[PDB]
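[1] Just need the structure, nothing else, for what follows:
(2 chains, ligands or ions: 2)
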Amino acid sequence: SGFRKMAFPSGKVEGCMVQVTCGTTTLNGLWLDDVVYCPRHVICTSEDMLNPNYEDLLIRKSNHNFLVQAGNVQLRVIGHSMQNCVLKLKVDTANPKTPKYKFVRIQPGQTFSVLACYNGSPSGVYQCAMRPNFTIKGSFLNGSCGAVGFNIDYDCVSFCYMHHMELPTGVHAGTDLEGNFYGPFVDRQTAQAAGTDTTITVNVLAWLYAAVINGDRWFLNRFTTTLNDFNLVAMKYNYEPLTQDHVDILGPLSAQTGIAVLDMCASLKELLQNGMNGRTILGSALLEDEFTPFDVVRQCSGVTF
Amino acid sequence: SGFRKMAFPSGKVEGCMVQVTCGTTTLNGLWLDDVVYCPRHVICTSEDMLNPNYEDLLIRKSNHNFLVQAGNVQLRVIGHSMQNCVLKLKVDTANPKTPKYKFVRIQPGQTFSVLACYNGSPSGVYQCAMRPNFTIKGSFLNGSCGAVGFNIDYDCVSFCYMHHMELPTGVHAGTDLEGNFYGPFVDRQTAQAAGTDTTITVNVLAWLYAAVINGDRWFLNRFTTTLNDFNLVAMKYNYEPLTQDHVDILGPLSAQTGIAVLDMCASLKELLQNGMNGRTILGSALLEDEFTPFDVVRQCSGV
Ligand SMILES: *[C@@](O)(CO)[C@H](C[C@H]1CCNC1=O)NC(=O)[C@@H](CC(C)C)NC(=O)c1cc2c(OC)cccc2[nH]1
Ligand SMILES: *[C@@](O)(CO)[C@H](C[C@H]1CCNC1=O)NC(=O)[C@H](CC(C)C)NC(=O)c1cc2c(OC)cccc2[nH]1
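    Numbering: from 1, shown residues only, chains lettered A, B, ... in the order given. Ligands and ions are numbered 1, 2, ... in the order given. Take a look at the structure below.
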């Protein structure tokens, strides 16, 4: 037993980190088959990043302007193109460590592992949740751009995040592997602010199911609710509304505990309206919202890859 | 910026994880060169684990009694010895993925990465600290025995932990890679208690510095304290004493923030005496003690 934030084993992604350099600008890229993916702003000088015209800056660059390195080994760039905010560089070598992979665009509330990475060298791995305001509460220093976030299902690596930006508030913002930002952010050297954040309701419920699985069920009440009623109430507390997908992915935990989703919602609603009354759940006075239902399953029942 | 519980990348260790089965008992082993290390209770039956006379059980075993699977390949055991609670199985094949490694014994309050692992397949990675009562607060389910903890310095993996046990309180116990338990625990099937768990003071102070580096300052105050008077109050709260070394290891964090160590101690003393009201620090409602000063430096230098 025990309940912790847990990243996926990172070896399959470590074998795909490389360093990409233009001029003196360096960052991380993701080497899959014979293509390297990285943030397009690598083509910018410091002064270019203030107000960049990426189409114009790229028109002046050739394959031979791009330094791609696995460790100290150079991979010759033989083609380049821009997709949204990500640069794609065809290299002359197929990465022999390429895992089975997909590119996915995750939803707010979903979690992923971030492989922290500097100059193409992995440095750490940790778990993150996409906040409803499309930031992540990460740990990123200078040179971290291009670091990726991923999930592993079976033996397939699902890439969902590539790092670009730190906001003034100290949270982080980035794109999917197709170069589309999560949230209303742009890759300019400017101070940008995220929408007001909210609590990830589906994850709080997951966490309550986790508590119940562990015999901690004082908070189960006698009421139920409609989904619409619950959503209208939850927004009054800065909680995200539930989708039908959210109800669906709570199913297994609902079946395992025998507690219908809408019953657990009525239980959570009472907690919001009346507070914890000095009690804890799983040892915490805070309701935790960065464990998805899959995370609860991974840690309460055990899953391998 | 930002501060997060972070484990080392696990690839170098994943390549060493294998599965070891004896009879009806299966757990994880660590494959380095031509040796696979695993917990020795893999040789016990249900009846045996109650009170195993391990040397007796071990001698009655043959090489072929041990099934070692590395992925889709089975490894041929050509020998077997025992070092304390760790069984050493010789195999006819060197692990080609063997990294540069050493076996170290970690000290209380130090952190390491755990590669959670089932049936020789890794399931996740997270960071832990060796607590002063020599338990760790982990996440370990059935078939997790043999999972290892480690640190990576440059390209050398320092193995420091192999998992054996979950105490009735839900915390976890294990050995170094020479088979010596951390703490007063024994690999028999009995309910075992640990000594009273104290709080790792130098780590709580480091985490408070991290909170300051990241914009959280509500807990600071104008007061200072002497080392001794801080230790008087801390021990009253079951916090480990702070040593002059500890003060010294915190120097870099004091420099960066401009808050003297004994000033941070005055803040911590007030937090202990007053609690946190309804406030949080780095998103936590509890004083965190599983981040070392180096964990904090490596994540907040330059911020
Ligand atoms: C290993 O996987 C066994 O090979 C496992 C560790 C996990 C089980 C679930 N959580 C874990 O961390 N260890 C054990 O199952 C054994 C270890 C001994 C050395 C054989 N048991 C315990 O850790 C255990 C026994 C026991 C008990 O026995 C009567 C009473 C209370 C608590 C308790 N823990
Ligand atoms: C990448 O490593 C750069 O390639 C870097 C991320 C790092 C920096 C430290 N923390 C991180 O997460 N990204 C940036 O520096 C981007 C670069 C492009 C223009 C997208 N910019 C920012 O992160 C950025 C600019 C800011 C600004 O404008 C002056 C004001 C306030 C915050 C801010 N952040």
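
[2] The lengthiest strand in chain A pairs with which strands, parallel or anti?
    When chain A is parsed with DSSP state E, its longest strand is strand A:156-166. Its sheet considered, strand A:156-166 pairs with strand A:101-103 (parallel), strand A:148-153 (antiparallel), strand A:172-175 (antiparallel) by DSSP bridges.

[3] for chain B, what are the nearby residues on the stretch 51-200 of chain A?
    A:115-116, A:122-126, A:128, A:137-142, A:166, A:170-172 (Cβ under 8 Å from any Cβ of the partner chain). C-beta: built from backbone N, CA, C; applies to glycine.

[4] 10 Å instead?
    Within the stretch 51-200 of chain A, the positions adjacent to chain B are A:97, A:113-117, A:121-128, A:136-142, A:152, A:166-172 by Cβ under 10 Å from any Cβ of the partner chain.

[5] before we move on, the earlier item: mind checking the strands paired with strand A:156-166 for the one nearest to residue A:302?
    The closest of the strands paired with strand A:156-166 to residue A:302 is strand A:148-153. By Cβ to Cβ, the value is 14.9 Å.

[6] How about the residues of the stretch 101-250 of chain A by ligand 2?
    Contacts of the stretch 101-250 of chain A with ligand 2, taken as Cβ under 6 Å from any ligand atom, map to A:140-145, A:164-166, A:168, A:172, A:187-191.

[7] Secondary structure element holding residue A:296?
    Secondary-structure assignment from DSSP states H and E places residue A:296 in helix A:293-297.

[8] who does that helix touch, helix- and strand-wise?
    Here helix A:293-297 touches helix A:201-213, helix A:244-249, helix A:251-257, going by 3 or more Cβ pairs under 10 Å, 6 or more residues apart in numbering or on different chains; DSSP states H and E.

[9] near chain B at all, the longest one?
    Just to be clear, that refers to helix A:201-213. No: figure legend: helix A:201-213 not in contact with chain B (Cβ under 10 Å from any Cβ); closest approach 11.7 Å.

[10] That helix: which residues count as buried?
    Within helix A:201-213, the residues scored as buried using 16 or more other Cβ atoms under 10 Å in any protein chain shown are A:201-213.

[11] And the shortest one, by the same measure?
    Buried positions in helix A:244-249, judged by neighbour count with 16+ other Cβ under 10 Å: A:246-247, A:249.

[12] For that helix, output the C-alpha coordinates as CSV.
    C-alpha atoms of helix A:244-249 as CSV (Å, rounded to 0.1, in the frame of the first residue of the first chain):
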residue,chain,number,x,y,z
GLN,A,244,-19.7,12.7,-19.4
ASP,A,245,-16.1,11.4,-20.0
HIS,A,246,-15.4,12.2,-16.4
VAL,A,247,-18.3,10.1,-15.2
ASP,A,248,-17.2,7.3,-17.5
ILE,A,249,-13.6,7.1,-16.3
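
[13] Shouldn't residue A:215 be within a helix?
    No: the assignment for residue A:215 (DSSP: H, G, I helix; E, B strand; the rest coil) gives coil, which keeps it out of a helix.

[14] and it, how many residues sit next to it?
    When neighbours are defined as other Cβ atoms under 10 Å in any protein chain shown, residue A:215 has 6 of them.

[15] what's the spacing between it and residue B:29?
    Distance, residue A:215 to residue B:29, using Cβ to Cβ, to the nearest Å: 33 Å.

[16] again with residue A:268
    43 Å.

[17] and what of residue A:188?
    Using Cβ to Cβ, we find residue A:188 at a distance of 52 Å from residue B:29.

[18] same check, this time on residue A:304
    15 Å.

[19] and what of residue A:275?
    Counting by Cβ to Cβ, the gap from residue A:275 to residue B:29 is 49 Å.

[20] try residue A:81
    Look at residue A:81 and residue B:29: by Cβ to Cβ, they are 46 Å apart.

[21] so what are the domain limits for chain A?
    As given by automatic domain parsing, the domain ranges for chain A are A:12-91, A:99-175, A:201-302.

[22] Of those, which stretch is the most buried?
    domain A:99-175 (a mean of 21; mean count of other Cβ atoms under 10 Å in any protein chain shown).

[23] wait, what's in contact with residue A:212?
    Contacts here follow Cβ atoms under 10 Å, 6 or more residues apart in numbering or on different chains; on that basis residue A:212 touches A:218-220, A:253, A:256-259, A:264, A:267, A:281.

[24] again, but for residue A:240
    Going by Cβ under 10 Å, 6+ apart, residue A:240 touches A:108-109, A:131-132, A:197-204, A:231, A:234, A:246, A:289.

[25] Which members of the residues you listed are the farthest-apart pair?
    Comparing every pair within these by Cβ to Cβ identifies A:131 and A:231 as the most remote, at 18.6 Å.

[26] secondary structure element for the closest residue to residue A:15 other than its chain neighbours?
    Once flanking residues are discounted, residue A:15 sits nearest to residue A:97: 3.2 Å by Cβ to Cβ, 6 or more residues apart in numbering or on different chains. Residue A:97 belongs to no helix or strand when elements are defined using DSSP H and E.

[27] Ends of stretch A:52-67, what's the gap?
    Counting by Cα to Cα, to the nearest Å, you get 21 Å between the two ends of stretch A:52-67.
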